[PDB]
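Enquirer: Contents of query_7.cif (mmCIF, C-alpha atoms and all ligand atoms):
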data_input
#
loop_
_atom_site.group_PDB
_atom_site.id
_atom_site.type_symbol
_atom_site.label_atom_id
_atom_site.label_comp_id
_atom_site.auth_asym_id
_atom_site.auth_seq_id
_atom_site.Cartn_x
_atom_site.Cartn_y
_atom_site.Cartn_z
ATOM 1 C CA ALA Z 1 74.593 93.179 88.378
ATOM 2 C CA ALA Z 2 75.846 92.997 84.797
ATOM 3 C CA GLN Z 3 78.742 94.925 83.298
ATOM 4 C CA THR Z 4 78.607 94.679 79.506
ATOM 5 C CA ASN Z 5 81.733 94.660 77.327
ATOM 6 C CA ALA Z 6 83.900 93.841 80.329
ATOM 7 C CA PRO Z 7 87.534 92.797 80.116
ATOM 8 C CA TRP Z 8 87.520 89.100 79.177
ATOM 9 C CA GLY Z 9 88.926 88.075 82.572
ATOM 10 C CA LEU Z 10 86.037 89.548 84.551
ATOM 11 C CA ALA Z 11 83.581 87.893 82.194
ATOM 12 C CA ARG Z 12 85.480 84.616 82.566
ATOM 13 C CA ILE Z 13 85.342 84.593 86.357
ATOM 14 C CA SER Z 14 81.544 84.885 86.252
ATOM 15 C CA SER Z 15 81.040 82.327 83.490
ATOM 16 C CA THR Z 16 80.711 78.565 83.114
ATOM 17 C CA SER Z 17 82.139 78.914 79.578
ATOM 18 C CA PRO Z 18 84.823 80.974 77.817
ATOM 19 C CA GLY Z 19 83.991 83.396 75.014
ATOM 20 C CA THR Z 20 81.537 85.779 76.700
ATOM 21 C CA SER Z 21 82.044 89.481 77.463
ATOM 22 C CA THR Z 22 79.635 90.405 80.259
ATOM 23 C CA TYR Z 23 80.720 90.323 83.903
ATOM 24 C CA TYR Z 24 77.978 89.266 86.353
ATOM 25 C CA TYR Z 25 78.315 89.901 90.087
ATOM 26 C CA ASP Z 26 76.277 90.581 93.197
ATOM 27 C CA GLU Z 27 75.852 94.354 93.655
ATOM 28 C CA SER Z 28 77.486 94.228 97.127
ATOM 29 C CA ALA Z 29 80.695 94.140 95.087
ATOM 30 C CA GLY Z 30 83.149 93.623 97.972
ATOM 31 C CA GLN Z 31 81.801 96.558 99.981
ATOM 32 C CA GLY Z 32 83.114 96.443 103.565
ATOM 33 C CA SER Z 33 86.159 94.385 102.599
ATOM 34 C CA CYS Z 34 89.760 95.533 102.128
ATOM 35 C CA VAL Z 35 92.449 94.415 99.725
ATOM 36 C CA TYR Z 36 96.136 95.192 100.188
ATOM 37 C CA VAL Z 37 98.150 95.301 96.977
ATOM 38 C CA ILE Z 38 101.793 94.617 97.797
ATOM 39 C CA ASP Z 39 103.652 95.805 94.744
ATOM 40 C CA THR Z 40 105.069 98.960 93.124
ATOM 41 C CA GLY Z 41 102.345 101.151 94.663
ATOM 42 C CA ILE Z 42 98.961 102.410 93.430
ATOM 43 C CA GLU Z 43 98.151 105.627 91.631
ATOM 44 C CA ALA Z 44 95.274 106.295 94.030
ATOM 45 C CA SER Z 45 94.203 109.463 92.175
ATOM 46 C CA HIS Z 46 93.182 107.443 89.128
ATOM 47 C CA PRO Z 47 89.491 108.160 88.411
ATOM 48 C CA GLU Z 48 88.958 104.406 88.136
ATOM 49 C CA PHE Z 49 89.532 104.034 91.896
ATOM 50 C CA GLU Z 50 86.835 106.528 92.881
ATOM 51 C CA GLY Z 51 88.578 107.554 96.121
ATOM 52 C CA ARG Z 52 88.598 103.938 97.353
ATOM 53 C CA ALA Z 53 92.387 103.575 96.975
ATOM 54 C CA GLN Z 54 95.077 104.804 99.374
ATOM 55 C CA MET Z 55 98.811 104.278 99.767
ATOM 56 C CA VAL Z 56 99.479 103.159 103.339
ATOM 57 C CA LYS Z 57 103.177 102.217 103.171
ATOM 58 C CA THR Z 58 106.348 102.594 101.150
ATOM 59 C CA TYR Z 59 109.998 101.595 101.751
ATOM 60 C CA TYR Z 60 111.260 104.005 99.143
ATOM 61 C CA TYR Z 61 111.628 107.721 98.798
ATOM 62 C CA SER Z 62 108.139 107.969 97.362
ATOM 63 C CA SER Z 63 104.869 106.075 97.724
ATOM 64 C CA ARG Z 64 103.899 106.895 94.144
ATOM 65 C CA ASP Z 65 103.691 104.098 91.601
ATOM 66 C CA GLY Z 66 106.369 105.124 89.099
ATOM 67 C CA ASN Z 67 106.046 101.792 87.283
ATOM 68 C CA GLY Z 68 102.380 101.026 86.628
ATOM 69 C CA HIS Z 69 102.406 97.359 87.575
ATOM 70 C CA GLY Z 70 100.960 97.918 91.080
ATOM 71 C CA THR Z 71 98.279 100.203 89.647
ATOM 72 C CA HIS Z 72 97.339 97.586 87.070
ATOM 73 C CA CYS Z 73 97.029 94.882 89.730
ATOM 74 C CA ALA Z 74 94.987 97.136 92.014
ATOM 75 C CA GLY Z 75 92.758 97.923 89.030
ATOM 76 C CA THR Z 76 92.009 94.234 88.547
ATOM 77 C CA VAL Z 77 91.165 93.864 92.220
ATOM 78 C CA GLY Z 78 88.829 96.812 92.478
ATOM 79 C CA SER Z 79 88.691 99.522 89.795
ATOM 80 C CA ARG Z 80 85.196 100.531 88.680
ATOM 81 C CA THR Z 81 85.667 99.249 85.136
ATOM 82 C CA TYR Z 82 88.432 96.676 85.327
ATOM 83 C CA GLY Z 83 87.912 95.322 88.837
ATOM 84 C CA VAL Z 84 86.415 92.175 90.300
ATOM 85 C CA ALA Z 85 85.362 93.793 93.598
ATOM 86 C CA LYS Z 86 84.210 97.227 92.526
ATOM 87 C CA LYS Z 87 83.351 98.521 96.027
ATOM 88 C CA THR Z 88 86.341 97.214 98.019
ATOM 89 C CA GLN Z 89 88.846 99.457 99.798
ATOM 90 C CA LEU Z 90 92.309 99.233 98.227
ATOM 91 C CA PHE Z 91 95.478 99.745 100.290
ATOM 92 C CA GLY Z 92 98.838 100.074 98.565
ATOM 93 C CA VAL Z 93 102.065 98.766 100.072
ATOM 94 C CA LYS Z 94 105.092 99.706 97.977
ATOM 95 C CA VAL Z 95 107.677 96.945 98.517
ATOM 96 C CA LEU Z 96 108.901 97.140 94.918
ATOM 97 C CA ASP Z 97 110.807 100.070 93.420
ATOM 98 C CA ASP Z 98 109.847 101.754 90.170
ATOM 99 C CA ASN Z 99 111.736 99.079 88.216
ATOM 100 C CA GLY Z 100 109.555 96.411 89.879
ATOM 101 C CA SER Z 101 112.436 95.163 92.024
ATOM 102 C CA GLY Z 102 112.577 94.602 95.766
ATOM 103 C CA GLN Z 103 114.935 93.018 98.242
ATOM 104 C CA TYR Z 104 113.414 90.053 100.048
ATOM 105 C CA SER Z 105 113.868 91.814 103.407
ATOM 106 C CA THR Z 106 111.671 94.686 102.218
ATOM 107 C CA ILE Z 107 109.086 92.296 100.816
ATOM 108 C CA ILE Z 108 108.999 90.496 104.175
ATOM 109 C CA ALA Z 109 108.625 93.747 106.103
ATOM 110 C CA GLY Z 110 105.711 94.664 103.822
ATOM 111 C CA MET Z 111 103.941 91.403 104.614
ATOM 112 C CA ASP Z 112 104.384 91.762 108.359
ATOM 113 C CA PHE Z 113 103.256 95.359 107.966
ATOM 114 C CA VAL Z 114 99.948 94.253 106.488
ATOM 115 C CA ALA Z 115 99.426 91.671 109.242
ATOM 116 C CA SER Z 116 99.525 94.517 111.775
ATOM 117 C CA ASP Z 117 98.106 97.315 109.659
ATOM 118 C CA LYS Z 118 94.762 95.575 109.099
ATOM 119 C CA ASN Z 119 94.120 96.396 112.758
ATOM 120 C CA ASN Z 120 94.252 100.066 111.760
ATOM 121 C CA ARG Z 121 91.687 99.705 108.984
ATOM 122 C CA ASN Z 122 87.945 99.286 108.819
ATOM 123 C CA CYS Z 123 87.288 95.971 107.076
ATOM 124 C CA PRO Z 124 84.219 94.347 108.652
ATOM 125 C CA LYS Z 125 83.798 91.810 105.824
ATOM 126 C CA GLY Z 126 87.440 90.734 105.893
ATOM 127 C CA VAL Z 127 90.941 91.408 104.602
ATOM 128 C CA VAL Z 128 92.788 90.180 101.511
ATOM 129 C CA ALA Z 129 96.328 90.667 100.230
ATOM 130 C CA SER Z 130 97.420 90.384 96.622
ATOM 131 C CA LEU Z 131 101.126 89.628 96.101
ATOM 132 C CA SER Z 132 102.056 89.870 92.446
ATOM 133 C CA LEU Z 133 105.732 89.187 93.002
ATOM 134 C CA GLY Z 134 108.232 86.416 93.470
ATOM 135 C CA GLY Z 135 111.787 85.189 93.315
ATOM 136 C CA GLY Z 136 113.707 82.022 94.055
ATOM 137 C CA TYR Z 137 112.897 79.759 96.983
ATOM 138 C CA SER Z 138 113.300 81.415 100.380
ATOM 139 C CA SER Z 139 112.002 79.906 103.603
ATOM 140 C CA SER Z 140 111.930 83.387 105.153
ATOM 141 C CA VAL Z 141 109.718 84.757 102.377
ATOM 142 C CA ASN Z 142 107.435 81.748 102.668
ATOM 143 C CA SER Z 143 107.226 82.196 106.440
ATOM 144 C CA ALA Z 144 106.258 85.875 106.093
ATOM 145 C CA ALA Z 145 103.463 84.879 103.718
ATOM 146 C CA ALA Z 146 102.387 82.206 106.200
ATOM 147 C CA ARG Z 147 102.342 84.749 109.038
ATOM 148 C CA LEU Z 148 100.237 87.172 107.021
ATOM 149 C CA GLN Z 149 97.746 84.408 106.251
ATOM 150 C CA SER Z 150 97.770 83.159 109.826
ATOM 151 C CA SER Z 151 96.990 86.687 111.071
ATOM 152 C CA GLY Z 152 93.610 86.580 109.306
ATOM 153 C CA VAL Z 153 94.388 87.856 105.806
ATOM 154 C CA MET Z 154 93.448 85.921 102.691
ATOM 155 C CA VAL Z 155 96.807 85.813 100.956
ATOM 156 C CA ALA Z 156 96.885 85.364 97.175
ATOM 157 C CA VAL Z 157 100.295 85.124 95.483
ATOM 158 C CA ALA Z 158 101.496 84.775 91.895
ATOM 159 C CA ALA Z 159 102.701 81.324 90.821
ATOM 160 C CA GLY Z 160 105.445 82.945 88.720
ATOM 161 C CA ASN Z 161 106.146 83.444 85.026
ATOM 162 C CA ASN Z 162 108.900 80.895 84.418
ATOM 163 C CA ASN Z 163 106.906 78.068 82.755
ATOM 164 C CA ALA Z 164 108.397 75.994 85.565
ATOM 165 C CA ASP Z 165 107.400 74.190 88.757
ATOM 166 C CA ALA Z 166 106.419 76.803 91.367
ATOM 167 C CA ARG Z 167 107.979 74.666 94.132
ATOM 168 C CA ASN Z 168 111.247 76.552 93.416
ATOM 169 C CA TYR Z 169 109.744 80.006 93.935
ATOM 170 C CA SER Z 170 108.633 82.129 96.906
ATOM 171 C CA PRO Z 171 106.108 83.012 98.165
ATOM 172 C CA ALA Z 172 104.551 80.755 95.480
ATOM 173 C CA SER Z 173 105.725 77.563 97.198
ATOM 174 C CA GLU Z 174 104.159 78.386 100.566
ATOM 175 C CA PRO Z 175 101.412 75.790 101.143
ATOM 176 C CA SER Z 176 99.293 77.932 103.503
ATOM 177 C CA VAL Z 177 98.628 80.742 100.998
ATOM 178 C CA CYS Z 178 96.727 80.777 97.705
ATOM 179 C CA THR Z 179 99.081 80.251 94.773
ATOM 180 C CA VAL Z 180 97.620 81.453 91.507
ATOM 181 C CA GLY Z 181 98.492 80.360 87.977
ATOM 182 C CA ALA Z 182 97.460 82.147 84.795
ATOM 183 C CA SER Z 183 95.140 81.212 81.920
ATOM 184 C CA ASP Z 184 94.195 82.800 78.593
ATOM 185 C CA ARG Z 185 90.993 83.776 76.829
ATOM 186 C CA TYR Z 186 90.647 80.322 75.279
ATOM 187 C CA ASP Z 187 91.058 78.465 78.586
ATOM 188 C CA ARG Z 188 94.633 77.459 77.864
ATOM 189 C CA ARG Z 189 97.300 77.674 80.543
ATOM 190 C CA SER Z 190 99.210 80.889 79.871
ATOM 191 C CA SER Z 191 102.431 80.008 78.064
ATOM 192 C CA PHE Z 192 104.552 81.579 80.821
ATOM 193 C CA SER Z 193 102.552 80.333 83.802
ATOM 194 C CA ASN Z 194 104.307 78.265 86.428
ATOM 195 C CA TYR Z 195 102.563 75.057 87.493
ATOM 196 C CA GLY Z 196 103.008 72.239 90.012
ATOM 197 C CA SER Z 197 101.402 70.741 93.109
ATOM 198 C CA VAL Z 198 101.823 74.015 95.015
ATOM 199 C CA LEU Z 199 99.273 75.807 92.811
ATOM 200 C CA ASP Z 200 95.792 76.128 94.285
ATOM 201 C CA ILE Z 201 93.938 77.881 91.486
ATOM 202 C CA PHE Z 202 94.102 79.527 88.079
ATOM 203 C CA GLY Z 203 92.832 82.946 87.062
ATOM 204 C CA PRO Z 204 92.842 85.029 83.851
ATOM 205 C CA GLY Z 205 96.401 86.222 83.204
ATOM 206 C CA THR Z 206 96.972 86.720 79.484
ATOM 207 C CA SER Z 207 96.077 90.069 77.875
ATOM 208 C CA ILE Z 208 94.403 91.655 80.889
ATOM 209 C CA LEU Z 209 93.143 95.221 80.494
ATOM 210 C CA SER Z 210 93.401 97.388 83.619
ATOM 211 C CA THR Z 211 94.469 100.763 85.016
ATOM 212 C CA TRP Z 212 97.937 102.213 84.481
ATOM 213 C CA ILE Z 213 99.811 105.260 85.771
ATOM 214 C CA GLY Z 214 99.225 108.691 84.240
ATOM 215 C CA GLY Z 215 95.481 108.050 84.527
ATOM 216 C CA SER Z 216 95.636 105.588 81.639
ATOM 217 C CA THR Z 217 94.877 101.925 80.875
ATOM 218 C CA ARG Z 218 96.921 99.044 79.620
ATOM 219 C CA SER Z 219 96.758 95.367 78.657
ATOM 220 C CA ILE Z 220 99.578 93.254 80.098
ATOM 221 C CA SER Z 221 100.088 89.594 80.979
ATOM 222 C CA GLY Z 222 101.298 87.543 83.919
ATOM 223 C CA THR Z 223 100.508 85.452 86.960
ATOM 224 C CA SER Z 224 100.658 88.964 88.488
ATOM 225 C CA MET Z 225 97.399 89.606 86.605
ATOM 226 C CA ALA Z 226 95.730 86.325 87.583
ATOM 227 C CA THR Z 227 96.472 86.863 91.268
ATOM 228 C CA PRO Z 228 94.362 90.017 91.700
ATOM 229 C CA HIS Z 229 91.408 88.295 89.990
ATOM 230 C CA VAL Z 230 91.582 85.742 92.806
ATOM 231 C CA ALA Z 231 92.195 88.403 95.474
ATOM 232 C CA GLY Z 232 89.223 90.457 94.246
ATOM 233 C CA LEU Z 233 87.131 87.291 94.108
ATOM 234 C CA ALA Z 234 88.007 86.472 97.720
ATOM 235 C CA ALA Z 235 87.007 89.967 98.843
ATOM 236 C CA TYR Z 236 83.729 89.690 96.922
ATOM 237 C CA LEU Z 237 82.944 86.296 98.457
ATOM 238 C CA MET Z 238 83.879 87.494 101.928
ATOM 239 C CA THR Z 239 81.480 90.434 101.639
ATOM 240 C CA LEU Z 240 78.772 87.961 100.581
ATOM 241 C CA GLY Z 241 79.449 85.957 103.746
ATOM 242 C CA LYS Z 242 80.275 82.856 101.682
ATOM 243 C CA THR Z 243 83.740 82.346 103.138
ATOM 244 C CA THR Z 244 86.421 83.808 105.426
ATOM 245 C CA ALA Z 245 90.107 84.691 105.105
ATOM 246 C CA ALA Z 246 91.187 81.301 106.427
ATOM 247 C CA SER Z 247 89.147 79.245 103.987
ATOM 248 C CA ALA Z 248 88.640 81.481 100.947
ATOM 249 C CA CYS Z 249 91.327 79.798 98.848
ATOM 250 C CA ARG Z 250 89.838 76.383 99.626
ATOM 251 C CA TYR Z 251 86.321 77.689 98.890
ATOM 252 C CA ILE Z 252 87.450 79.155 95.580
ATOM 253 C CA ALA Z 253 89.048 75.825 94.607
ATOM 254 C CA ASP Z 254 85.926 73.952 95.796
ATOM 255 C CA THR Z 255 83.601 76.125 93.683
ATOM 256 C CA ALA Z 256 85.889 76.566 90.662
ATOM 257 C CA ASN Z 257 85.277 75.557 87.068
ATOM 258 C CA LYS Z 258 86.925 72.138 87.002
ATOM 259 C CA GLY Z 259 88.806 70.297 84.279
ATOM 260 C CA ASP Z 260 88.181 73.013 81.655
ATOM 261 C CA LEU Z 261 91.729 74.285 81.132
ATOM 262 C CA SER Z 262 94.085 72.922 78.496
ATOM 263 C CA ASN Z 263 97.845 72.406 78.720
ATOM 264 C CA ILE Z 264 97.697 71.724 82.460
ATOM 265 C CA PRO Z 265 100.652 69.474 83.313
ATOM 266 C CA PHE Z 266 99.857 66.164 84.971
ATOM 267 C CA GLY Z 267 99.648 66.730 88.719
ATOM 268 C CA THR Z 268 98.669 70.401 88.611
ATOM 269 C CA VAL Z 269 95.117 71.386 89.597
ATOM 270 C CA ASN Z 270 92.732 72.055 86.729
ATOM 271 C CA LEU Z 271 90.674 74.682 88.495
ATOM 272 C CA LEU Z 272 89.626 78.119 87.214
ATOM 273 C CA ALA Z 273 88.324 80.778 89.605
ATOM 274 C CA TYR Z 274 84.568 81.247 89.299
ATOM 275 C CA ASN Z 275 82.141 83.371 91.322
ATOM 276 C CA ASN Z 276 79.127 81.051 90.930
ATOM 277 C CA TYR Z 277 76.904 84.092 90.612
ATOM 278 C CA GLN Z 278 73.375 83.380 89.471
ATOM 279 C CA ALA Z 279 72.251 86.726 88.076
HETATM 280 CA CA CA B 1 96.843 75.513 100.635
#
Mind turning the file's structure into structure tokens?

Expert:
Amino acid sequence: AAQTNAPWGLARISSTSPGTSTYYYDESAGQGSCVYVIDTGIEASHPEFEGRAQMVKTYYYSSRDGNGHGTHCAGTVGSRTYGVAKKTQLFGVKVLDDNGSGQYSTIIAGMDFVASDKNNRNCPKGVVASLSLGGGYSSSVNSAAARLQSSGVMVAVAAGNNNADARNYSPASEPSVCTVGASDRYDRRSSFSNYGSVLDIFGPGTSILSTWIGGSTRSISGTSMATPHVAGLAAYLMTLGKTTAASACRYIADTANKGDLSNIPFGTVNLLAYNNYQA
């Protein structure tokens, strides 16, 4: 399949070179997989989601996304126009309030929720979770991410937007999950992207067009934007039978575009997510 005039990030993940605008992907498109978006919620009624999105949990007085950030992330995972895995099922878990804030205890509960809740969903090709959030180092937050992964969910988490070493951030610093840094349209590390040995992969994170609340669309930037590219990619690869939740991060790193990013600090992986699709 070919989607012309795609957001640059989708084009990038299906390309061996920057500077193209068509996204190429196998038509299976993540069908039969599920991706949890643990964030501010998802505006499931957005036409871009086509009835494939659902809120399954909130820790606040509403499950609606009153922020937009969760909707944007979900859009990058699986919206018709702006998504990597255009046929995946999206499940929203609102651990962040409408200001994008959440207490670590709520974030942890949301992770353990997903580890159980996948048993209540139909996801024959596998389960993924996208965590576009973070704060300072917490062993408890890291452990929750590790549990979610261990339970059979491909966990992708943002590296963080501090232009600092991700070792000091959670869940970014958890070795057993997939920690995702951000790049720009010209294959430069995003100016704000964290780095360090704990990163596993980079994805497109600067100026990413996706869905927003009020049935709209929006370009924003962050490792929060790179993460769902990787999460959607995992779902897509799992539907293809190429990998599984336990090894998807490794497989993505193994099959990535290598050594093509600039401004990667010494010691950080130079790996950009790539679907290796031969149209
Ligand atoms: Ca790892």

Enquirer: Name each residue within 6 Å of ligand CA 1 (chain B), counting only C-alpha atoms and all ligand atoms, as a VMD selection string.

Expert: chain Z and resid 175 to 177

Enquirer: What do you get, as a list in words, if you spell out every residue that the PyMOL selection byres (((chain Z and resi 49) around 10) and not hetatm) selects here?

Expert: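 Matching residues under the PyMOL selection byres (((chain Z and resi 49) around 10) and not hetatm) are residues 42, 43, 44, 45, 46, 47, 48, 50, 51, 52, 53, 54, 71, 74, 75, 78, 79, 80, 81, 82, 83, 86, 87, 88, 89, 90 and 211 of chain Z.
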
Enquirer: Would you mind exporting C-alpha atoms of the selected residues as a compact mmCIF listing (two decimals), keeping the file's coordinate frame?

Expert:
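The result, written out as out03.txt:
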# COMPACT_ATOMS: atom_id res chain seq x y z
CA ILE Z 42 98.96 102.41 93.43
CA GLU Z 43 98.15 105.63 91.63
CA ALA Z 44 95.27 106.30 94.03
CA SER Z 45 94.20 109.46 92.18
CA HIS Z 46 93.18 107.44 89.13
CA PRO Z 47 89.49 108.16 88.41
CA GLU Z 48 88.96 104.41 88.14
CA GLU Z 50 86.84 106.53 92.88
CA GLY Z 51 88.58 107.55 96.12
CA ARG Z 52 88.60 103.94 97.35
CA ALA Z 53 92.39 103.58 96.98
CA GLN Z 54 95.08 104.80 99.37
CA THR Z 71 98.28 100.20 89.65
CA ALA Z 74 94.99 97.14 92.01
CA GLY Z 75 92.76 97.92 89.03
CA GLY Z 78 88.83 96.81 92.48
CA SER Z 79 88.69 99.52 89.80
CA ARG Z 80 85.20 100.53 88.68
CA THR Z 81 85.67 99.25 85.14
CA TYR Z 82 88.43 96.68 85.33
CA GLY Z 83 87.91 95.32 88.84
CA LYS Z 86 84.21 97.23 92.53
CA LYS Z 87 83.35 98.52 96.03
CA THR Z 88 86.34 97.21 98.02
CA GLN Z 89 88.85 99.46 99.80
CA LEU Z 90 92.31 99.23 98.23
CA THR Z 211 94.47 100.76 85.02

Enquirer: Please, which residues in range 107-210 of chain Z fall within 10 Å of range 214-235 of chain Z when counting all atoms listed in the file, and what is the closest atom pair and distance in Å to one decimal for each, ordered by chain then residue number, as a Markdown table?

Expert:
| residue | atom | partner | partner_atom | distance |
| --- | --- | --- | --- | --- |
| Z:125 | CA | Z:235 | CA | 7.9 |
| Z:126 | CA | Z:235 | CA | 7.1 |
| Z:127 | CA | Z:235 | CA | 7.1 |
| Z:128 | CA | Z:231 | CA | 6.3 |
| Z:129 | CA | Z:231 | CA | 6.7 |
| Z:130 | CA | Z:231 | CA | 5.7 |
| Z:131 | CA | Z:227 | CA | 7.3 |
| Z:132 | CA | Z:224 | CA | 4.3 |
| Z:133 | CA | Z:224 | CA | 6.8 |
| Z:134 | CA | Z:224 | CA | 9.4 |
| Z:154 | CA | Z:234 | CA | 7.4 |
| Z:155 | CA | Z:231 | CA | 7.6 |
| Z:156 | CA | Z:231 | CA | 5.8 |
| Z:157 | CA | Z:227 | CA | 6.0 |
| Z:158 | CA | Z:223 | CA | 5.1 |
| Z:159 | CA | Z:223 | CA | 6.1 |
| Z:160 | CA | Z:223 | CA | 5.8 |
| Z:161 | CA | Z:223 | CA | 6.3 |
| Z:162 | CA | Z:223 | CA | 9.9 |
| Z:178 | CA | Z:230 | CA | 8.7 |
| Z:179 | CA | Z:227 | CA | 7.9 |
| Z:180 | CA | Z:227 | CA | 5.5 |
| Z:181 | CA | Z:223 | CA | 5.6 |
| Z:182 | CA | Z:223 | CA | 5.0 |
| Z:183 | CA | Z:226 | CA | 7.7 |
| Z:184 | CA | Z:221 | CA | 9.3 |
| Z:190 | CA | Z:222 | CA | 8.1 |
| Z:191 | CA | Z:222 | CA | 9.6 |
| Z:192 | CA | Z:222 | CA | 7.5 |
| Z:193 | CA | Z:223 | CA | 6.4 |
| Z:194 | CA | Z:223 | CA | 8.1 |
| Z:201 | CA | Z:230 | CA | 8.3 |
| Z:202 | CA | Z:226 | CA | 7.0 |
| Z:203 | CA | Z:226 | CA | 4.5 |
| Z:204 | CA | Z:226 | CA | 4.9 |
| Z:205 | CA | Z:226 | CA | 4.4 |
| Z:206 | CA | Z:221 | CA | 4.5 |
| Z:207 | CA | Z:221 | CA | 5.1 |
| Z:208 | CA | Z:219 | CA | 4.9 |
| Z:209 | CA | Z:219 | CA | 4.1 |
| Z:210 | CA | Z:217 | CA | 5.5 |

Enquirer: Using all atoms listed in the file, which of the listed residues (Z:15, Z:76, Z:163, Z:140) sits closest to residue 106 in chain Z?

Expert: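 Ranking Z:15, Z:76, Z:163, Z:140 by distance to residue 106 in chain Z, first place goes to Z:140.
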
Enquirer: I need the output of the PyMOL selection byres (((chain Z and resi 19-25) around 10) and not hetatm) for this file as an MDAnalysis selection string; which residues are they?

Expert: chainID Z and resid 1:18 26:30 84:86 185:187 236 275:279

Enquirer: Please evaluate the PyMOL selection byres (((chain Z and resi 94) around 6) and not hetatm) against the displayed coordinates and give the resulting residues as a PyMOL selection string.

Expert: chain Z and resi 39-41+58+93+95-96

Enquirer: Could you tell me which of Z:62, Z:173, Z:120, Z:262 comes closest to residue 200 in chain Z if we count only C-alpha atoms?

Expert: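 Closest to residue 200 in chain Z of all the choices is Z:173.
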
Enquirer: Could you check how far CA of residue 66 in chain Z sits from CA of residue 111 in chain Z, in Å to one decimal?

Expert: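 These atoms are spaced 20.9 Å apart.
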
Enquirer: Would you list the contacts of residue 265 in chain Z as an MDAnalysis selection string, taking every protein, DNA or RNA residue within 8 Å and counting only C-alpha atoms, but skipping same-chain residues closer than 3 positions in sequence?

Expert: chainID Z and resid 195:196 268

Enquirer: Rounded to one decimal, what separation in Å do you get between CA of residue 137 in chain Z and CA of residue 169 in chain Z?

Expert: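 Here the two named atoms are 4.4 Å from each other.
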
Enquirer: Could you check the closest approach to residue 257 in chain Z for each of Z:244, Z:117, Z:274, Z:70 and tell me which residue wins, using all atoms listed in the file?

Expert: Z:274

Enquirer: Work out where the centre of an axis-aligned box around every listed atom of range 50-59 of chain Z lies and how long its edges are once 3 Å is added on each side; give both in Å to one decimal as lines of an AutoDock Vina configuration file.

Expert:
center_x = 98.4
center_y = 104.6
center_z = 98.1
size_x = 29.2
size_y = 12.0
size_z = 16.5

Enquirer: So what do you get for CA of residue 164 in chain Z versus CA of residue 141 in chain Z, distance-wise?

Expert: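 These two atoms are separated by 19.0 Å.
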
Enquirer: Once you count only C-alpha atoms, which residues end up no further than 7 Å from (91.7, 75.4, 88.4) in the file's frame, shown as a PDB file with C-alpha atoms, keeping the file's coordinate frame?

Expert:
ATOM      1  CA  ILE Z 201      93.938  77.881  91.486  1.00  0.00           C
ATOM      2  CA  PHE Z 202      94.102  79.527  88.079  1.00  0.00           C
ATOM      3  CA  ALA Z 253      89.048  75.825  94.607  1.00  0.00           C
ATOM      4  CA  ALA Z 256      85.889  76.566  90.662  1.00  0.00           C
ATOM      5  CA  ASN Z 257      85.277  75.557  87.068  1.00  0.00           C
ATOM      6  CA  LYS Z 258      86.925  72.138  87.002  1.00  0.00           C
ATOM      7  CA  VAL Z 269      95.117  71.386  89.597  1.00  0.00           C
ATOM      8  CA  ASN Z 270      92.732  72.055  86.729  1.00  0.00           C
ATOM      9  CA  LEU Z 271      90.674  74.682  88.495  1.00  0.00           C
ATOM     10  CA  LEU Z 272      89.626  78.119  87.214  1.00  0.00           C
ATOM     11  CA  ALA Z 273      88.324  80.778  89.605  1.00  0.00           C
TER      12      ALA Z 273
END
